[PDB]
Amino acid sequence: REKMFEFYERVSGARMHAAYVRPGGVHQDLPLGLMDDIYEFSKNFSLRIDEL
Amino acid sequence: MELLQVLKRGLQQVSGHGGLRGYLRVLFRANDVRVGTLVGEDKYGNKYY
Amino acid sequence: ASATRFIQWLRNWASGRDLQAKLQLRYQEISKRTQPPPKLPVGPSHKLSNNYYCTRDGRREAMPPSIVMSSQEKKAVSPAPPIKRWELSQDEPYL
Amino acid sequence: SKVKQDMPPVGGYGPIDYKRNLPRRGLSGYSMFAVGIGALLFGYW
Amino acid sequence: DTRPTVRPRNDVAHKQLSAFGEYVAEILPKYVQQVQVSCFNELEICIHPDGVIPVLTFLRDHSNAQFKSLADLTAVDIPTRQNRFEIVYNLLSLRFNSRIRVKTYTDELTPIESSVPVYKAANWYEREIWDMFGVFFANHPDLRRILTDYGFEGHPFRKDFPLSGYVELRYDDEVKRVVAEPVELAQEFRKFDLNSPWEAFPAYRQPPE
Amino acid sequence: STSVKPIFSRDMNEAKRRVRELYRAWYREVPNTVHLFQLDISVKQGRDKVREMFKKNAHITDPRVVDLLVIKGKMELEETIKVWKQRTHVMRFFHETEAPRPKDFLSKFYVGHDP
Amino acid sequence: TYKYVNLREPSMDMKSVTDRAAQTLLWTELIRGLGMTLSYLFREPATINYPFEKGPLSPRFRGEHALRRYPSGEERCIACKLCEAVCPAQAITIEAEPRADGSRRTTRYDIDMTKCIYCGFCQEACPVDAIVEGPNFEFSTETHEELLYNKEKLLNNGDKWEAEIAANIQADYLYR
Amino acid sequence: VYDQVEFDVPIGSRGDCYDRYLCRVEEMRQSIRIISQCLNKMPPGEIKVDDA
Amino acid sequence: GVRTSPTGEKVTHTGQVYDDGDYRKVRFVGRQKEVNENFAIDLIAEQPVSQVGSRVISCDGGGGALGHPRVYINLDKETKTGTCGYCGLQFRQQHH
Amino acid sequence: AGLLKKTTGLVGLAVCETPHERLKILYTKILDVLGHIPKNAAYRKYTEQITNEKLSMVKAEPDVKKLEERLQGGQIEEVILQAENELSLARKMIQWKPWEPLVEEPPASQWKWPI
Ligand SMILES: CCCCCCCCCCCCCCCCCC(=O)OC[C@H](COP(=O)([O-])OCC[N+](C)(C)C)OC(=O)CCCCCCCCCCCCCCCCC
Ligand code: SF4
Ligand code: SF4
Ligand SMILES: [Zn+2]
């Protein structure tokens, strides 16, 4: 969860209350390199679920 | 064999901090005894690793 | 990553999974924290001709609600066609 | 200059696992019981 | 539907929902007062407040409806209307993948009949309406405040209730308890007048008086 | 036009029956409330306050309004009896901290601009 | 599409029945769970040595408010009051008057940081990049009054944090 | 764009707290399934409606 | 610049100071009155006037999108210097 | 029919060993109830039309799984429950009498929005 707050904070600047999704779309574009890091989180997340 | 290497790394930390006196200073001030590359220093005395 | 080979085996055996391939601590595979400057695209309305707002004004295309009835042998109907039964997943029907 | 936007790699990202993987483990039920019975007999003796 | 910025229109739903409105009005003339379908395709049935149970039961149980889920039940305060309170029922039909809104009205003193017999979800929703707007639902299992403080006097969501209320709380050491006192604000709420003097939407222009 | 759905009472005589019944329940309940909440007031003080609240509205003549006031009272009874309330809520009727406010022209004049 | 999470029936052959019995009597599955906790024991902890180590942040981070300057040293703020109008919390209070040189400048610029929700709307609304939510998050106080910021406080924060603030804007102004 | 992503809906059978646990845990897996598709089919263009 | 009152309190760039008989200066007893020492009115005046060769000049404040909205300043009056309404910079037309 | 289902899949809903017979009994019951309703009422004319459709499909198709597909009401046990609900509604309509004209027209501007 801490790592996913880092994805909120990188798009919006807030770990929780981003206020990112607004009527008409979103406030700012994804910063470069974010999707690569989201892929890394997703690649290793199923294992964390299995441990649970 | 791996254990012996690990123990060497634990003693090189003591020398890398300037000896036992330096090693203990950081242990009690910082609760960490890792040794890192000095990126720089500021005008107030803080060191960055 | 700094774990000795014995410890890697011990925790791999106990867990039962190759934990060193999918470590939960990020190392050097993350993106750089300083990135090249972007250059973002422009919208469909960034045009110098044939771009009158009266042709792309959604707010002004909204109309007041239609009044179907007001106090002021048909076949029966449903609010919408009956819903379609779902199909079992072919990826993994049963967990 | 050309547009630069956070976009997927040209070939696409590698496959991402999502299904459950609880590996099967251990010895058979018969074998585990036999070992326990064997330890008792040796200890009793 | 090639205009990038404009919401697409779905006429198939508009024709479908409009017909079902005629269907309800024909079947329940005694209570239905108006049926309207919006530009973004949502059907609203407006009824006399004495048909809440008949209309809701028909929608729940009729085989060409089957609105088994009460998604929400709320109220709106419109002071200018002599019946200031508009009671709104939003229902979901899983069988037909459709939603319908039912509207009725009441005033400060006139009760509405509780819908708990039709949907057991309405118990708490009706309690909230009473607490927040002061509308009484007759024959309710247990009608009592749900969101406001114990002993709170007033109905906050009415348009005539001040935003910051009439009383505020603090702890007093003399009596060694939390006490309520009239509200005084170090910084008064600043009312901003934002409406523009120029009309924006001609299609909704109200006929001149 | 004047024909209106009732709440419970069809006339003021039937409503005033419910007011009196409610006063009975409150009058029985003050002795327990003082004991249970461990208040530092007397039973007479609490029963006086109940009388004051019932007196405030002594002017109404609409059966429907009286029904609502009775409904609201009965709710406050369920709260107090069941100890949903707390000592702070019960003691808010007595306004102990609020220092007396002036109620004569000269006193209002010396302090502020209010009527 | 849908899948069934728990609609499997067991096998009633003797080997399967015996295996389940062993699981019941020898607590195999419970022992399995003990292994996972044992594996985690020999993993490196995720803890950081705060305050000597800090958690990562981005240039977009919304922190302590500051009032900025042009390179000349002149205040960027022109008292337009757009920040005051957009603030969802009514946390900003502004009074303005003509300066002795005729400039449109503020006499009051107060932010109640106990009303702020740190949403950044006031730095979006500003047309001159004057009010910014800076990087700092370590400004906790021993009293409430210390969190009611006036113009002098916000200007000192700008002069205190300008070097970091400007660099972060340089990184993100193309996304804005 | 939930109609352009493929995912399976977990369904219970006994209506108990255990089935709801399994639905939520399996819903986490499907979200990873959706995230993989969103990462690879992310389109270029603007991010807020071009109507100022 | 920061000038001090007869009581000793520092005056702000808005001219605010507590007069001798005001009780509100007790809040500074044992603490401080925070005043920014860089007065923007004094620093802008230090900037030299720019000599340009046109009747009209544009100012964005510097930095492009990091400055202020672009405006155009008329320099046809020789009894004054064109000033920007945003950044306070002054311009003058250079006699051709 | 075929092999009986082990489960409907819905909690609290039990498999019916005699689906066709139960449906025929219920749909026929509904038509009897609708007889008491006045003829011109639209509830009678519509409820008859759909119910007689459903009744015809039960008699035509012996197999349950084919019947479920044609009825488009989910599992046959879901359909049976819906029949019971309509029967309950039909009996209530007789007392409500919603085919009668509107009780009262709303105030002048009750449904006007914006105000
Ligand atoms: C050979 C010559 C003749 C002599 C033969 C002697 C008999 C030998 C065969 C007997 C088999 C006995 C098996 C062991 C006892 C079974 C216990 C039992 O009843 O389990 C059922 C119980 C119940 O399991 P359950 O899930 O089936 O419960 C429901 C039971 N039914 C369905 C039947 C109604 O299991 C447990 O006890 C769970 C305990 C939970 C707490 C576990 C904590 C973790 C402990 C892990 C470490 C354990 C190792 C400790 C070692 C200590 C070292 C000092
Ligand atoms: S960050 Fe948001 S809440 Fe805080 S002062 Fe700015 S606009 Fe107001
Ligand atoms: S929006 Fe910017 S320039 Fe306008 S009043 Fe606020 S801080 Fe000053
Ligand atoms: Zn300028």
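Counting neighbours? That spans all protein chains shown, and the Cβs are built from the backbone with ideal geometry, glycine included. What follows draws every value from the coordinates through simple rules; no lab data is involved.
Observations
- Modelled FRET efficiency - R0 56 Å, F:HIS113 with G:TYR173, Cβ distances, 0.05 increments: 0.60
- Between segment H:12-52 and segment G:8-50, the alpha-carbon centres lie 29 Å apart.
- Calculated [222 nm] ellipticity per residue, helices only, for chain I: -2000 deg cm²/dmol; basis is -39500 (n - 2.57) per DSSP H run with n ≥ 4, divided by all residues, nearest 500.
- With a simple spin-label model that places each label point 7 Å from the Cα along the Cα-to-Cβ direction, the separation between E:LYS191 and D:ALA34 comes to 9.0 nm.
- Calculated FRET efficiency, I:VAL49 to G:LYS54, Cβ-Cβ distance, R0 = 41 Å: about 0.35 to the nearest 0.05.
- Applying both filters, DSSP loop and at most 12 other Cβ atoms within 10 Å, to the trypsin sites (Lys or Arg not before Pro) of segment F:1-46 gives F:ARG10.
- If you take the Cα centroid of segment G:117-176 and the Cα centroid of segment C:19-88, the two points sit 34 Å apart.
- Above-threshold pairs, the threshold being 28 Å between Cα atoms, out of F:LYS56/F:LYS85; E:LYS120/G:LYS3; B:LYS43/I:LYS25; J:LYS29/J:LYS66; E:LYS191/G:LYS160: E:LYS120/G:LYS3; B:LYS43/I:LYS25; E:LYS191/G:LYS160
- Contact order, relative form, for chain B: 22 percent (alpha carbon pairs under 8 Å, 6 or more residues apart, mean separation divided by residue count).
- Chain F: calculated mean residue ellipticity at 222 nm from DSSP helix runs of at least 4, using -39500 (n - 2.57): -19500 deg cm²/dmol
- Distance between modelled label sites at B:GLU41 and E:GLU184, nm, 7 Å Cα→Cβ extension: 5.8 nm
- Look at the stretch C:36-48: the mean tally of other chain Cβ atoms within 10 Å of its residues' Cβ atoms is 6.
- For residues of J:85-96, the mean tally of beta carbons on other chains within 10 Å: 4
- Centroid-to-centroid separation of segment I:20-96 and segment A:1-48 [C-alpha atoms, Å]: 41 Å
- Prolate/oblate/rounded call for chain E, Cα gyration tensor, a/c under 1.5 rounded: oblate
- Normalised by the number of residues in chain G, the average gap of Cα pairs under 8 Å and 6 or more apart makes the relative contact order 23 percent.
- Contact order normalised by residue count of chain I, Cα under 8 Å, 6+ apart, percent: 22 percent
- What the Cβ-Cβ distance of H:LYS41 and F:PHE105 gives, at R0 = 60 Å and to the nearest 0.05, is a FRET efficiency of 0.20.
- Exposed-loop-free span, longest in chain E, where chymotrypsin sites (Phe, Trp or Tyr not before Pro) count as exposed if DSSP calls them loop and at most 10 other C-beta atoms lie within 10 Å: E:1-188
- Residue order, fewest to most surrounding Cβ atoms within 10 angstrom, among J:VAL79, E:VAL183: E:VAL183, J:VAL79
- Label-point separation, F:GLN86 to F:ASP62 (7 Å along Cα→Cβ), nm: 3.5 nm
- Averaged over peptide H:29-37, the number of partner chain Cβ atoms lying within 10 Å of each residue's Cβ comes to 6.
- Global form of chain F, assessed from the alpha-carbon gyration tensor, a/c cut-off 1.5: oblate
- Considering helices alone, the calculated mean residue ellipticity of chain C at 222 nm is -3500 deg cm²/dmol, with DSSP H runs of length four and up weighted by -39500 (n - 2.57) and normalised per residue.
- Members of C:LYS47/H:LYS48; F:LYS82/G:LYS115; E:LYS103/J:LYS54; C:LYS74/J:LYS97; E:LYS30/J:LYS39; C:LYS74/J:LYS39 lying beyond 26 Å, as alpha-carbon distances in this model show: F:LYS82/G:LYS115; E:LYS103/J:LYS54
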